[PDB]
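Trainee: Shown below is the structure under consideration.
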Amino acid sequence: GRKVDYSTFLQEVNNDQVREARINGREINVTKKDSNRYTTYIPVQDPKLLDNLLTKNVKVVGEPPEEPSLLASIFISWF
Amino acid sequence: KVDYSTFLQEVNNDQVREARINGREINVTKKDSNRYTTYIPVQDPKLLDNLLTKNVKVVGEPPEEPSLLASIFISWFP
Amino acid sequence: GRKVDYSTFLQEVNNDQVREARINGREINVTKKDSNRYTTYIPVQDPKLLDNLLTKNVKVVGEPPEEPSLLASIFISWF
Amino acid sequence: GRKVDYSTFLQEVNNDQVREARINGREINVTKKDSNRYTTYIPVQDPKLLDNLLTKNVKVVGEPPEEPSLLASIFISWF
Amino acid sequence: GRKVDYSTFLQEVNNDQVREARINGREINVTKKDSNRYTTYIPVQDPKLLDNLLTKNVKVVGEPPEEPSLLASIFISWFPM
Amino acid sequence: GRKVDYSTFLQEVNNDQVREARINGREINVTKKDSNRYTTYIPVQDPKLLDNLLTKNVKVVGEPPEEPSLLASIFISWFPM
Amino acid sequence: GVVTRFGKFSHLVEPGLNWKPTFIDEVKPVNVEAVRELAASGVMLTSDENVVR
Amino acid sequence: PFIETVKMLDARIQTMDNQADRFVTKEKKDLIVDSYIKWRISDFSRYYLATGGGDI
């Protein structure tokens, strides 16, 4: 769960040492060739991210948006 | 349940029969009737362009909004 | 309410067969030159749509801003 | 009042007979060169509108945003 | 309090007259090189606007958001209490 | 420290003098090479910013999003009881 | 700044916050202290029948 | 109490940075240069009598 800078993340991807990229919201759960894993945040909306992924031929993993929770409203409004 | 990048790989070689889209999801309707689900990671400007390049039938449909009766329920049931 | 697909809408515009449409939300209700009337639905934001429409000299109509009047709603929520 | 079409509006703008344009949200409050007046609505987000407006000396006005008064809102929130 | 026109502002700033621009939302408090003040309103999002400013040596300014104070917020919320 | 205009920030970065930057919506903390600090605000959405930053090899980081706890919301709304 | 009494030349007011109660007296705000600029250009004839900018 | 006011008058060394400005040399060649100058107030009286606005 170590934090690593976005600049370093580009420094790795542009040199092709990562396979696993987990996309959700604006978090990325990263895994390289060494099974070593970390996490990073994208600071803004960037048009060139996905192209940079596709060109260097790295695989993607993306998953569904978090369905909202009702339980907090259940308790607060119902009790 | 299948990789996006592999999905792009697959749409390159033109095995997709039809593109049925709704929301941020696409259910895959290809030549050999295999079906699955794919997730959009982030906004992609080229996805529509890429699909329109290869003459696939591409449909989307209006939303299913929550029923107002249930809204009144949630408003007054507590 | 017989629905002709957005994609099929695009090819038939390429065939130059529509007279006009009135646009609302992402719903496209449309009138085509052979006197026919139908509708379709926009999949996602499409930049080039209006450009192609303009190139086709096709007539296009906006729809007045839809608005839920906040007069009845407040007091009926207090009803 | 007189409602016109956004599309036809584009064409007479191409034909240079308009002076003033006032924009709120999607509406277009117009008065053209020869004192005639009309009204139309911006269909969706447009990339190239303001270019077509400015390059041909089409005079433009925006008007401020209507911020509701807080005291009245809380007072009606009482009852 | 002279409210000016967008087109006039663009024409005059491209005419090399303007020195400072404070942007906060959609209002812009333009201050010319002749020390006069006024305000202007953008019509809509103008993707080229920021470029057109910076490429002519005008000194731009940004302004922070007004966060609703939590104490007064919960007060007015609990003012009915 | 002295809050600075955006134009000054860009003239500064264009001379390779900013070392580390933090991005939060439109608020930015900056640390120069000379160990000074200040704060800047991005007026309007910019597409060309990030690449311009990157090319001049500046260290760029992000920050976690502050999600208010649901229990805190329950607390605040239950303050009547 | 300058303030007036029924439209009369009056005591010019010192800078800052001045905190004096007068209503019938009106203050015209602005006399900025800076260095201004006003540029000019054009095309002009010469003595020897030429044009320059 | 309310019939006096004071203005600061900086005494630290100050700078001024020019921009490119044209010249011509002896042998009809045109150069472009830049410079900066370091200045300090000498006597703290004639400054305000000559300047008169205390503005740098």
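Simple scheme: letters A, B, ... for chains in structure tokens order, numbers from 1 for residues in each chain, numbers from 1 for ligands in the order shown.
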Can you move chain C onto chain A by a least-squares fit over all C-alpha atoms paired in order, then give me the moved copy as a short mmCIF file (atom, residue, chain, number, x, y, z; two decimals) with N, CA, C and O atoms, in the first residue's frame?

Mentor:
data_model
loop_
_atom_site.label_atom_id
_atom_site.label_comp_id
_atom_site.auth_asym_id
_atom_site.auth_seq_id
_atom_site.Cartn_x
_atom_site.Cartn_y
_atom_site.Cartn_z
N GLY C 1 0.84 -0.21 1.06
CA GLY C 1 0.42 1.06 0.52
C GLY C 1 1.56 1.98 0.16
O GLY C 1 1.41 3.21 0.16
N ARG C 2 2.72 1.40 -0.17
CA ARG C 2 3.88 2.20 -0.55
C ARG C 2 3.65 2.85 -1.91
O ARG C 2 3.35 2.17 -2.90
N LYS C 3 3.73 4.17 -1.94
CA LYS C 3 3.23 4.96 -3.05
C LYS C 3 4.35 5.34 -4.01
O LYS C 3 5.32 5.99 -3.61
N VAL C 4 4.22 4.92 -5.26
CA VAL C 4 5.12 5.32 -6.34
C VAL C 4 4.40 6.36 -7.18
O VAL C 4 3.28 6.13 -7.65
N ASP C 5 5.05 7.51 -7.37
CA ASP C 5 4.38 8.70 -7.88
C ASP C 5 3.79 8.47 -9.27
O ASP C 5 4.34 7.74 -10.10
N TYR C 6 2.65 9.13 -9.50
CA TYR C 6 2.01 9.12 -10.82
C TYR C 6 3.00 9.47 -11.92
O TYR C 6 3.05 8.80 -12.95
N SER C 7 3.79 10.53 -11.72
CA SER C 7 4.80 10.85 -12.71
C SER C 7 5.80 9.71 -12.84
O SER C 7 6.03 9.20 -13.95
N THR C 8 6.36 9.27 -11.72
CA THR C 8 7.30 8.15 -11.74
C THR C 8 6.64 6.92 -12.34
O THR C 8 7.28 6.13 -13.02
N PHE C 9 5.34 6.75 -12.07
CA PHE C 9 4.58 5.70 -12.73
C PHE C 9 4.67 5.84 -14.24
O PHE C 9 4.87 4.86 -14.96
N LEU C 10 4.54 7.07 -14.73
CA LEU C 10 4.62 7.30 -16.17
C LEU C 10 5.99 6.93 -16.72
O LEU C 10 6.09 6.22 -17.73
N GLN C 11 7.07 7.39 -16.07
CA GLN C 11 8.39 7.04 -16.61
C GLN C 11 8.64 5.54 -16.53
O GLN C 11 9.24 4.97 -17.45
N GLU C 12 8.21 4.88 -15.46
CA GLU C 12 8.49 3.45 -15.35
C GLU C 12 7.65 2.66 -16.35
O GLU C 12 8.08 1.59 -16.81
N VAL C 13 6.45 3.15 -16.69
CA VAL C 13 5.74 2.57 -17.82
C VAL C 13 6.53 2.78 -19.10
O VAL C 13 6.64 1.87 -19.94
N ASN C 14 7.10 3.97 -19.27
CA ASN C 14 7.99 4.20 -20.40
C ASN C 14 9.14 3.20 -20.41
O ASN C 14 9.62 2.81 -21.48
N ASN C 15 9.58 2.77 -19.23
CA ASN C 15 10.56 1.71 -19.08
C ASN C 15 9.95 0.32 -19.24
O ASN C 15 10.69 -0.67 -19.23
N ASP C 16 8.62 0.22 -19.36
CA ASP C 16 7.95 -1.03 -19.71
C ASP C 16 8.11 -2.08 -18.63
O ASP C 16 8.49 -3.22 -18.90
N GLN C 17 7.83 -1.72 -17.38
CA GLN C 17 8.15 -2.60 -16.27
C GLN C 17 6.94 -3.11 -15.50
O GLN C 17 7.11 -3.82 -14.50
N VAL C 18 5.72 -2.83 -15.96
CA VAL C 18 4.51 -3.16 -15.21
C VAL C 18 3.74 -4.23 -15.97
O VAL C 18 3.76 -4.27 -17.20
N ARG C 19 3.06 -5.12 -15.23
CA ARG C 19 2.19 -6.09 -15.89
C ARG C 19 0.73 -5.64 -15.98
O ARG C 19 0.13 -5.73 -17.06
N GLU C 20 0.14 -5.16 -14.89
CA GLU C 20 -1.28 -4.80 -14.95
C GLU C 20 -1.66 -3.87 -13.81
O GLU C 20 -0.87 -3.64 -12.89
N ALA C 21 -2.88 -3.34 -13.88
CA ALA C 21 -3.43 -2.45 -12.86
C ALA C 21 -4.94 -2.60 -12.87
O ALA C 21 -5.54 -2.87 -13.92
N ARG C 22 -5.56 -2.42 -11.71
CA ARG C 22 -7.01 -2.35 -11.62
C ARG C 22 -7.38 -0.93 -11.18
O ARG C 22 -6.91 -0.46 -10.14
N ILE C 23 -8.20 -0.26 -11.98
CA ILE C 23 -8.43 1.17 -11.84
C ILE C 23 -9.72 1.39 -11.07
O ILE C 23 -10.73 0.72 -11.32
N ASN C 24 -9.69 2.33 -10.12
CA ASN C 24 -10.87 2.74 -9.37
C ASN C 24 -10.74 4.21 -9.00
O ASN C 24 -9.66 4.68 -8.63
N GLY C 25 -11.84 4.94 -9.13
CA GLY C 25 -11.82 6.38 -8.88
C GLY C 25 -10.71 7.01 -9.69
O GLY C 25 -10.54 6.73 -10.88
N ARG C 26 -9.93 7.87 -9.04
CA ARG C 26 -8.65 8.30 -9.57
C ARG C 26 -7.47 7.65 -8.85
O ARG C 26 -6.34 8.12 -8.99
N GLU C 27 -7.73 6.60 -8.08
CA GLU C 27 -6.68 5.83 -7.43
C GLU C 27 -6.22 4.71 -8.35
O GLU C 27 -7.04 3.95 -8.87
N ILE C 28 -4.91 4.60 -8.52
CA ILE C 28 -4.31 3.58 -9.38
C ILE C 28 -3.58 2.59 -8.48
O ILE C 28 -2.46 2.87 -8.03
N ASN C 29 -4.19 1.44 -8.22
CA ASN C 29 -3.46 0.32 -7.63
C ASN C 29 -3.06 -0.62 -8.76
O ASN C 29 -3.82 -0.83 -9.71
N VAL C 30 -1.82 -1.09 -8.71
CA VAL C 30 -1.12 -1.59 -9.88
C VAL C 30 -0.21 -2.75 -9.48
O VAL C 30 0.29 -2.79 -8.35
N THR C 31 -0.03 -3.70 -10.39
CA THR C 31 0.88 -4.82 -10.20
C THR C 31 1.87 -4.81 -11.35
O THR C 31 1.48 -4.79 -12.52
N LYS C 32 3.16 -4.80 -11.03
CA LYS C 32 4.18 -4.64 -12.05
C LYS C 32 5.00 -5.93 -12.21
O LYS C 32 5.10 -6.75 -11.30
N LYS C 33 5.57 -6.10 -13.42
CA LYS C 33 6.04 -7.42 -13.85
C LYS C 33 7.10 -8.02 -12.93
O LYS C 33 7.29 -9.24 -12.96
N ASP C 34 7.79 -7.23 -12.12
CA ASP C 34 8.76 -7.83 -11.22
C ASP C 34 8.12 -8.33 -9.93
O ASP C 34 8.82 -8.45 -8.91
N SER C 35 6.82 -8.61 -9.96
CA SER C 35 5.98 -9.17 -8.89
C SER C 35 5.64 -8.13 -7.83
O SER C 35 5.07 -8.49 -6.80
N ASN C 36 5.95 -6.86 -8.05
CA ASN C 36 5.72 -5.86 -7.03
C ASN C 36 4.33 -5.25 -7.14
O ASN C 36 3.71 -5.25 -8.21
N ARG C 37 3.82 -4.76 -6.01
CA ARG C 37 2.48 -4.21 -5.88
C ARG C 37 2.57 -2.87 -5.16
O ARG C 37 3.20 -2.77 -4.10
N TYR C 38 1.95 -1.84 -5.74
CA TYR C 38 1.93 -0.50 -5.16
C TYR C 38 0.73 0.26 -5.70
O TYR C 38 -0.15 -0.31 -6.35
N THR C 39 0.71 1.56 -5.44
CA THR C 39 -0.40 2.42 -5.82
C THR C 39 0.07 3.86 -6.04
O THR C 39 1.14 4.25 -5.58
N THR C 40 -0.75 4.63 -6.76
CA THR C 40 -0.54 6.06 -6.97
C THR C 40 -1.89 6.75 -7.10
O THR C 40 -2.94 6.15 -6.91
N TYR C 41 -1.84 8.04 -7.44
CA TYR C 41 -3.04 8.86 -7.49
C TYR C 41 -3.00 9.79 -8.69
O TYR C 41 -1.97 10.41 -8.99
N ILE C 42 -4.13 9.89 -9.39
CA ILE C 42 -4.24 10.68 -10.61
C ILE C 42 -4.32 12.16 -10.27
O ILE C 42 -5.18 12.57 -9.47
N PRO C 43 -3.45 13.00 -10.83
CA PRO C 43 -3.50 14.43 -10.50
C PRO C 43 -4.73 15.14 -11.03
O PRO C 43 -5.44 15.80 -10.27
N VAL C 44 -5.00 15.02 -12.33
CA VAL C 44 -6.16 15.64 -12.97
C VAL C 44 -6.56 14.73 -14.13
O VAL C 44 -5.90 13.73 -14.41
N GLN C 45 -7.65 15.08 -14.81
CA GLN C 45 -8.04 14.34 -16.00
C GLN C 45 -6.89 14.29 -16.99
O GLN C 45 -6.30 15.32 -17.33
N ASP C 46 -6.56 13.09 -17.45
CA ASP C 46 -5.46 12.86 -18.39
C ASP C 46 -6.01 12.13 -19.61
O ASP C 46 -6.29 10.92 -19.55
N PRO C 47 -6.16 12.82 -20.74
CA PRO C 47 -6.66 12.14 -21.94
C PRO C 47 -5.76 11.04 -22.44
O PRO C 47 -6.23 9.92 -22.66
N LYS C 48 -4.46 11.30 -22.61
CA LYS C 48 -3.57 10.39 -23.30
C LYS C 48 -3.21 9.15 -22.49
O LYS C 48 -2.52 8.28 -23.02
N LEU C 49 -3.64 9.06 -21.23
CA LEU C 49 -3.21 7.97 -20.37
C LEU C 49 -3.54 6.62 -20.98
O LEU C 49 -2.66 5.76 -21.15
N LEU C 50 -4.81 6.42 -21.35
CA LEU C 50 -5.22 5.12 -21.86
C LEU C 50 -4.56 4.82 -23.19
O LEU C 50 -4.28 3.66 -23.50
N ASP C 51 -4.32 5.85 -24.01
CA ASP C 51 -3.65 5.63 -25.28
C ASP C 51 -2.25 5.07 -25.07
O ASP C 51 -1.86 4.07 -25.70
N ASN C 52 -1.47 5.70 -24.19
CA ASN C 52 -0.14 5.19 -23.89
C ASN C 52 -0.21 3.79 -23.30
O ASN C 52 0.60 2.92 -23.65
N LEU C 53 -1.18 3.54 -22.43
CA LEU C 53 -1.35 2.19 -21.89
C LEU C 53 -1.56 1.18 -23.00
O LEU C 53 -0.91 0.12 -23.02
N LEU C 54 -2.45 1.49 -23.95
CA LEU C 54 -2.71 0.57 -25.05
C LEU C 54 -1.46 0.34 -25.89
O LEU C 54 -1.18 -0.79 -26.30
N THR C 55 -0.70 1.41 -26.15
CA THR C 55 0.52 1.26 -26.92
C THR C 55 1.50 0.31 -26.24
O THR C 55 2.27 -0.38 -26.91
N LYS C 56 1.46 0.24 -24.91
CA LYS C 56 2.40 -0.56 -24.14
C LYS C 56 1.96 -2.01 -24.01
O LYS C 56 2.66 -2.81 -23.38
N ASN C 57 0.79 -2.36 -24.57
CA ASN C 57 0.25 -3.72 -24.48
C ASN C 57 0.00 -4.14 -23.04
O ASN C 57 -0.29 -5.31 -22.76
N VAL C 58 0.11 -3.20 -22.11
CA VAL C 58 -0.03 -3.51 -20.70
C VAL C 58 -1.48 -3.89 -20.41
O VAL C 58 -2.41 -3.41 -21.05
N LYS C 59 -1.66 -4.79 -19.45
CA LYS C 59 -2.98 -5.20 -19.02
C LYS C 59 -3.56 -4.14 -18.09
O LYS C 59 -2.84 -3.59 -17.25
N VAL C 60 -4.85 -3.83 -18.23
CA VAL C 60 -5.52 -2.86 -17.38
C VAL C 60 -6.90 -3.41 -17.04
O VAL C 60 -7.56 -4.02 -17.89
N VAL C 61 -7.34 -3.20 -15.81
CA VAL C 61 -8.56 -3.79 -15.29
C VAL C 61 -9.42 -2.68 -14.71
O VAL C 61 -8.91 -1.81 -13.99
N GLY C 62 -10.71 -2.69 -15.04
CA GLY C 62 -11.65 -1.78 -14.42
C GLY C 62 -12.08 -2.33 -13.07
O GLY C 62 -11.78 -3.48 -12.74
N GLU C 63 -12.79 -1.51 -12.30
CA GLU C 63 -13.28 -1.96 -11.01
C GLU C 63 -14.79 -1.80 -10.97
O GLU C 63 -15.30 -0.74 -11.38
N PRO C 64 -15.54 -2.79 -10.49
CA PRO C 64 -17.00 -2.73 -10.55
C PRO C 64 -17.53 -1.46 -9.90
O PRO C 64 -16.91 -0.93 -8.97
N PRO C 65 -18.67 -0.95 -10.35
CA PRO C 65 -19.13 0.36 -9.90
C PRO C 65 -19.34 0.39 -8.39
O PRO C 65 -20.20 -0.30 -7.85
N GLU C 66 -18.54 1.21 -7.72
CA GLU C 66 -18.66 1.38 -6.28
C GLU C 66 -19.98 2.08 -5.97
O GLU C 66 -20.35 3.04 -6.65
N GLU C 67 -20.70 1.60 -4.96
CA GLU C 67 -22.01 2.15 -4.67
C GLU C 67 -22.29 2.14 -3.18
O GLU C 67 -22.19 1.09 -2.53
N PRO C 68 -22.64 3.28 -2.59
CA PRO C 68 -23.16 3.27 -1.22
C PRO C 68 -24.63 2.86 -1.21
O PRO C 68 -25.49 3.61 -1.67
N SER C 69 -24.91 1.66 -0.70
CA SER C 69 -26.27 1.15 -0.72
C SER C 69 -27.19 2.03 0.11
O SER C 69 -26.94 2.28 1.30
N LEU C 70 -28.25 2.52 -0.52
CA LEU C 70 -29.19 3.41 0.15
C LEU C 70 -30.30 2.62 0.83
O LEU C 70 -31.49 2.90 0.63
N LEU C 71 -29.92 1.63 1.64
CA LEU C 71 -30.89 0.87 2.41
C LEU C 71 -30.68 1.12 3.90
O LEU C 71 -31.59 1.58 4.60
N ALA C 72 -29.48 0.82 4.39
CA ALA C 72 -29.16 1.09 5.78
C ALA C 72 -29.18 2.59 6.06
O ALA C 72 -29.74 3.03 7.07
N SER C 73 -28.59 3.38 5.15
CA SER C 73 -28.34 4.79 5.41
C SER C 73 -29.62 5.54 5.77
O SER C 73 -29.64 6.33 6.72
N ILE C 74 -30.71 5.30 5.03
CA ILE C 74 -31.93 6.07 5.26
C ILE C 74 -32.48 5.81 6.66
O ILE C 74 -32.76 6.75 7.42
N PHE C 75 -32.61 4.54 7.05
CA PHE C 75 -33.26 4.25 8.31
C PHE C 75 -32.34 4.54 9.49
O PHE C 75 -32.81 4.88 10.58
N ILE C 76 -31.03 4.41 9.30
CA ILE C 76 -30.11 4.79 10.37
C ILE C 76 -30.09 6.30 10.54
O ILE C 76 -29.91 6.81 11.65
N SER C 77 -30.28 7.05 9.45
CA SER C 77 -30.54 8.48 9.57
C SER C 77 -31.86 8.74 10.27
O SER C 77 -32.04 9.80 10.88
N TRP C 78 -32.81 7.81 10.17
CA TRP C 78 -33.99 7.84 11.03
C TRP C 78 -33.80 7.09 12.34
O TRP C 78 -34.72 7.09 13.16
N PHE C 79 -32.65 6.47 12.55
CA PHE C 79 -32.35 5.85 13.84
C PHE C 79 -31.81 6.89 14.81
O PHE C 79 -32.49 7.86 15.14
#

Trainee: Can you state the RMSD, in Å, between chain F and chain E once they are superposed by least squares on every Cα paired in order?

Mentor: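 Result: 0.8 Å C-alpha RMSD.
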
Trainee: Could you tell me, as an mmCIF file with N, CA, C and O atoms, in the first residue's frame, which residues of chain E DSSP assigns to strand (DSSP E or B) when given the backbone?

Mentor:
data_model
loop_
_atom_site.group_PDB
_atom_site.id
_atom_site.type_symbol
_atom_site.label_atom_id
_atom_site.label_comp_id
_atom_site.auth_asym_id
_atom_site.auth_seq_id
_atom_site.Cartn_x
_atom_site.Cartn_y
_atom_site.Cartn_z
ATOM 1 N N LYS E 3 -20.629 47.173 -16.554
ATOM 2 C CA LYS E 3 -20.587 45.817 -17.077
ATOM 3 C C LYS E 3 -20.396 45.886 -18.583
ATOM 4 O O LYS E 3 -21.198 46.506 -19.288
ATOM 5 N N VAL E 18 -4.756 45.518 -21.548
ATOM 6 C CA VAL E 18 -5.195 44.968 -20.268
ATOM 7 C C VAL E 18 -3.978 44.500 -19.481
ATOM 8 O O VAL E 18 -2.962 44.116 -20.072
ATOM 9 N N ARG E 19 -4.071 44.525 -18.148
ATOM 10 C CA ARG E 19 -2.925 44.125 -17.340
ATOM 11 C C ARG E 19 -3.237 42.996 -16.357
ATOM 12 O O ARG E 19 -2.398 42.117 -16.146
ATOM 13 N N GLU E 20 -4.419 42.996 -15.745
ATOM 14 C CA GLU E 20 -4.748 42.000 -14.732
ATOM 15 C C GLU E 20 -6.141 41.443 -14.983
ATOM 16 O O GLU E 20 -7.004 42.140 -15.519
ATOM 17 N N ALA E 21 -6.354 40.188 -14.601
ATOM 18 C CA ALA E 21 -7.656 39.539 -14.723
ATOM 19 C C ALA E 21 -7.826 38.551 -13.577
ATOM 20 O O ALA E 21 -7.112 37.546 -13.508
ATOM 21 N N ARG E 22 -8.770 38.830 -12.684
ATOM 22 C CA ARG E 22 -9.122 37.919 -11.603
ATOM 23 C C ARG E 22 -10.333 37.108 -12.031
ATOM 24 O O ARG E 22 -11.404 37.672 -12.274
ATOM 25 N N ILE E 23 -10.174 35.795 -12.116
ATOM 26 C CA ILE E 23 -11.243 34.906 -12.546
ATOM 27 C C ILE E 23 -11.745 34.146 -11.330
ATOM 28 O O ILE E 23 -10.953 33.556 -10.586
ATOM 29 N N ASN E 24 -13.059 34.159 -11.128
ATOM 30 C CA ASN E 24 -13.696 33.422 -10.041
ATOM 31 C C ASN E 24 -15.040 32.926 -10.557
ATOM 32 O O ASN E 24 -16.040 33.645 -10.491
ATOM 33 N N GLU E 27 -17.310 35.401 -13.442
ATOM 34 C CA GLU E 27 -17.061 36.835 -13.441
ATOM 35 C C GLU E 27 -15.565 37.084 -13.538
ATOM 36 O O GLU E 27 -14.764 36.312 -13.003
ATOM 37 N N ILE E 28 -15.189 38.151 -14.235
ATOM 38 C CA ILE E 28 -13.797 38.546 -14.394
ATOM 39 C C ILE E 28 -13.701 40.032 -14.098
ATOM 40 O O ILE E 28 -14.387 40.838 -14.735
ATOM 41 N N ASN E 29 -12.853 40.398 -13.146
ATOM 42 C CA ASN E 29 -12.654 41.798 -12.795
ATOM 43 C C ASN E 29 -11.459 42.341 -13.563
ATOM 44 O O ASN E 29 -10.321 42.250 -13.094
ATOM 45 N N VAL E 30 -11.720 42.919 -14.729
ATOM 46 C CA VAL E 30 -10.680 43.396 -15.629
ATOM 47 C C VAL E 30 -10.179 44.739 -15.124
ATOM 48 O O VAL E 30 -10.976 45.588 -14.713
ATOM 49 N N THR E 31 -8.867 44.928 -15.154
ATOM 50 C CA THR E 31 -8.239 46.195 -14.807
ATOM 51 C C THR E 31 -7.296 46.576 -15.935
ATOM 52 O O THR E 31 -6.338 45.849 -16.213
ATOM 53 N N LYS E 32 -7.553 47.711 -16.574
ATOM 54 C CA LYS E 32 -6.755 48.077 -17.730
ATOM 55 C C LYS E 32 -5.416 48.663 -17.304
ATOM 56 O O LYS E 32 -5.106 48.794 -16.119
ATOM 57 N N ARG E 37 -11.408 50.290 -13.643
ATOM 58 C CA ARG E 37 -11.922 49.007 -13.188
ATOM 59 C C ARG E 37 -13.199 48.682 -13.944
ATOM 60 O O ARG E 37 -13.902 49.591 -14.392
ATOM 61 N N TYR E 38 -13.498 47.390 -14.083
ATOM 62 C CA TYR E 38 -14.851 46.938 -14.391
ATOM 63 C C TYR E 38 -14.928 45.423 -14.300
ATOM 64 O O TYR E 38 -13.973 44.750 -13.906
ATOM 65 N N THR E 39 -16.091 44.893 -14.671
ATOM 66 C CA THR E 39 -16.371 43.466 -14.637
ATOM 67 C C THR E 39 -16.879 43.000 -15.992
ATOM 68 O O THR E 39 -17.345 43.806 -16.801
ATOM 69 N N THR E 40 -16.765 41.701 -16.240
ATOM 70 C CA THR E 40 -17.294 41.086 -17.446
ATOM 71 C C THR E 40 -17.682 39.652 -17.134
ATOM 72 O O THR E 40 -17.226 39.065 -16.150
ATOM 73 N N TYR E 41 -18.531 39.087 -17.983
ATOM 74 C CA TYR E 41 -19.033 37.736 -17.794
ATOM 75 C C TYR E 41 -18.746 36.911 -19.037
ATOM 76 O O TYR E 41 -19.034 37.342 -20.155
ATOM 77 N N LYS E 59 -1.449 39.518 -16.708
ATOM 78 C CA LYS E 59 -1.201 38.880 -15.424
ATOM 79 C C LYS E 59 -2.505 38.348 -14.845
ATOM 80 O O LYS E 59 -3.355 39.125 -14.405
ATOM 81 N N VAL E 60 -2.662 37.026 -14.824
ATOM 82 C CA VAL E 60 -3.916 36.383 -14.443
ATOM 83 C C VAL E 60 -3.864 36.060 -12.959
ATOM 84 O O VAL E 60 -2.783 36.025 -12.362
ATOM 85 N N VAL E 61 -5.031 35.824 -12.364
ATOM 86 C CA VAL E 61 -5.172 35.569 -10.932
ATOM 87 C C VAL E 61 -6.268 34.529 -10.748
ATOM 88 O O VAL E 61 -7.254 34.525 -11.493
ATOM 89 N N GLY E 62 -6.100 33.650 -9.760
ATOM 90 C CA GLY E 62 -7.147 32.715 -9.385
ATOM 91 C C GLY E 62 -7.664 33.011 -7.990
ATOM 92 O O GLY E 62 -6.965 33.618 -7.175
#

Trainee: Suppose you want the space between atom CA of residue F:79 and atom CA of residue E:69; what is it in Å?

Mentor: 17.6 Å

Trainee: DSSP on the backbone: what in chain E comes out helix (DSSP H, G or I), as a PyMOL selection string?

Mentor: chain E and resi 6-14+49-54+70-78
